[PDB]
Amino acid sequence: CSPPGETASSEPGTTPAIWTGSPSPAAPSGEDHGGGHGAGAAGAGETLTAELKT
Amino acid sequence: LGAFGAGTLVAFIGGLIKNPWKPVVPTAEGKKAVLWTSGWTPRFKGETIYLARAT
Ligand SMILES: CCCCCCCCCCCCCCCC(=O)O[C@H](COC(=O)CCCCCCC[C@@H](C)CCCCCCCCC)COP(=O)(O)O[C@H]1[C@H](O)[C@H](O)[C@H](O)[C@@H](O)[C@@H]1O
């Protein structure tokens, strides 16, 4: 016998969308954090960059 | 003799007998049996599983 599910001539398909993974709720109990600092404000952390343009 | 043989054989073989369908492997849809799940089964919804080449 042939397996019940085979063959699909119609519905050509579509290009898979760009994957957008989600942060792990199971593996991480919370949200992973980067730079550590006192940050006596709403929160900036130990990482702050900037690009000075012309 | 029949009861003792039954008990002894069952106690001998029950150590070996294991349920193939005990949900053990974690998955986004809760723990599932081993046969259903492989390394490609997302442990949590939306997990990224790269097709890593094995150098
Ligand atoms: C005449 C005897 C009549 C009784 C037949 C008994 C066999 C039917 C089982 C009935 C109870 C089943 C539900 C309760 C039990 C349950 O849930 O367990 C299940 C698995 O059933 C077991 O337990 C062990 C099975 C016992 C061995 C049966 C041997 C076959 C019999 C039919 C042949 C001898 C009888 C004499 C006739 C021949 C005469 C010779 C001429 C699944 O395992 P699991 O959930 O993974 O946990 C694992 C733990 O069990 C596991 O011991 C442990 O090893 C862990 O590995 C663990 O993983």
# chains A, B, ... in the order shown; residues from 1 in each chain; ligands from 1

call {"tool": "interface_residues", "arguments": {"of": "chain A", "to": "chain B", "cutoff": "12 Å", "atoms": "only C-alpha atoms", "output": "ChimeraX atom specification"}}
result
/A:18-28

call {"tool": "write_last_selection", "arguments": {"atoms": "N, CA, C and O atoms", "output": "mmCIF file, in the first residue's frame"}}
result
data_model
loop_
_atom_site.group_PDB
_atom_site.id
_atom_site.type_symbol
_atom_site.label_atom_id
_atom_site.label_comp_id
_atom_site.auth_asym_id
_atom_site.auth_seq_id
_atom_site.Cartn_x
_atom_site.Cartn_y
_atom_site.Cartn_z
ATOM 1 N N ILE A 18 11.471 35.663 6.323
ATOM 2 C CA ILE A 18 12.690 35.746 7.117
ATOM 3 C C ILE A 18 12.353 35.374 8.552
ATOM 4 O O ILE A 18 11.434 35.941 9.157
ATOM 5 N N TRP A 19 13.091 34.417 9.104
ATOM 6 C CA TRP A 19 12.795 33.932 10.444
ATOM 7 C C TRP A 19 13.054 35.024 11.470
ATOM 8 O O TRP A 19 14.054 35.744 11.393
ATOM 9 N N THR A 20 12.146 35.143 12.433
ATOM 10 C CA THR A 20 12.255 36.103 13.527
ATOM 11 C C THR A 20 12.054 35.323 14.822
ATOM 12 O O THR A 20 10.937 35.215 15.328
ATOM 13 N N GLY A 21 13.144 34.779 15.354
ATOM 14 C CA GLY A 21 13.042 33.972 16.553
ATOM 15 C C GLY A 21 12.581 34.791 17.742
ATOM 16 O O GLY A 21 12.771 36.006 17.802
ATOM 17 N N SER A 22 11.965 34.104 18.701
ATOM 18 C CA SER A 22 11.467 34.759 19.901
ATOM 19 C C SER A 22 12.394 34.489 21.080
ATOM 20 O O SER A 22 13.027 33.429 21.138
ATOM 21 N N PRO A 23 12.520 35.407 22.040
ATOM 22 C CA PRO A 23 13.333 35.110 23.226
ATOM 23 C C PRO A 23 12.791 33.894 23.962
ATOM 24 O O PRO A 23 11.584 33.649 23.990
ATOM 25 N N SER A 24 13.694 33.134 24.559
ATOM 26 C CA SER A 24 13.325 31.887 25.209
ATOM 27 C C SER A 24 12.573 32.159 26.506
ATOM 28 O O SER A 24 13.149 32.763 27.418
ATOM 29 N N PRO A 25 11.302 31.748 26.644
ATOM 30 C CA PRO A 25 10.648 31.840 27.952
ATOM 31 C C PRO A 25 11.004 30.663 28.848
ATOM 32 O O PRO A 25 11.113 30.806 30.070
ATOM 33 N N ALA A 26 11.190 29.492 28.236
ATOM 34 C CA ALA A 26 11.476 28.282 28.999
ATOM 35 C C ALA A 26 12.926 28.251 29.464
ATOM 36 O O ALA A 26 13.197 28.200 30.669
ATOM 37 N N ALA A 27 13.874 28.280 28.523
ATOM 38 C CA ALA A 27 15.286 28.266 28.898
ATOM 39 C C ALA A 27 15.641 29.452 29.779
ATOM 40 O O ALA A 27 16.240 29.251 30.851
ATOM 41 N N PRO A 28 15.313 30.691 29.411
ATOM 42 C CA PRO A 28 15.560 31.818 30.319
ATOM 43 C C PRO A 28 14.371 32.099 31.223
ATOM 44 O O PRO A 28 13.244 32.250 30.743
#

call {"tool": "residues_near_ligand", "arguments": {"ligand": "ligand 1", "cutoff": "7 Å", "atoms": "only C-alpha atoms and all ligand atoms", "output": "VMD selection string"}}
result
chain B and resid 5 to 7 9 to 11 13 to 19 22

call {"tool": "write_last_selection", "arguments": {"atoms": "C-alpha atoms", "output": "short mmCIF file (atom, residue, chain, number, x, y, z; two decimals), in the first residue's frame"}}
result
data_model
loop_
_atom_site.label_atom_id
_atom_site.label_comp_id
_atom_site.auth_asym_id
_atom_site.auth_seq_id
_atom_site.Cartn_x
_atom_site.Cartn_y
_atom_site.Cartn_z
CA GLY B 5 6.21 -18.11 38.55
CA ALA B 6 3.98 -15.28 37.36
CA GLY B 7 5.22 -12.94 40.07
CA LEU B 9 8.77 -13.55 35.75
CA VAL B 10 6.92 -10.24 35.95
CA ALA B 11 9.39 -8.92 38.53
CA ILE B 13 11.02 -8.44 33.18
CA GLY B 14 9.40 -5.26 34.53
CA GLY B 15 12.80 -3.73 35.11
CA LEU B 16 13.43 -3.98 31.38
CA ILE B 17 9.93 -3.01 30.20
CA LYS B 18 9.68 0.74 29.59
CA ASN B 19 6.90 2.82 28.07
CA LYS B 22 6.00 8.36 28.20
#

call {"tool": "atom_distance", "arguments": {"atom1": "atom CA of residue 29 of chain A", "atom2": "atom CA of residue 43 of chain A"}}
result
20.6 Å

call {"tool": "atom_distance", "arguments": {"atom1": "atom CA of residue 34 of chain A", "atom2": "atom CA of residue 48 of chain A"}}
result
11.2 Å

call {"tool": "atom_distance", "arguments": {"atom1": "atom CA of residue 20 of chain B", "atom2": "atom CA of residue 35 of chain B"}}
result
7.9 Å
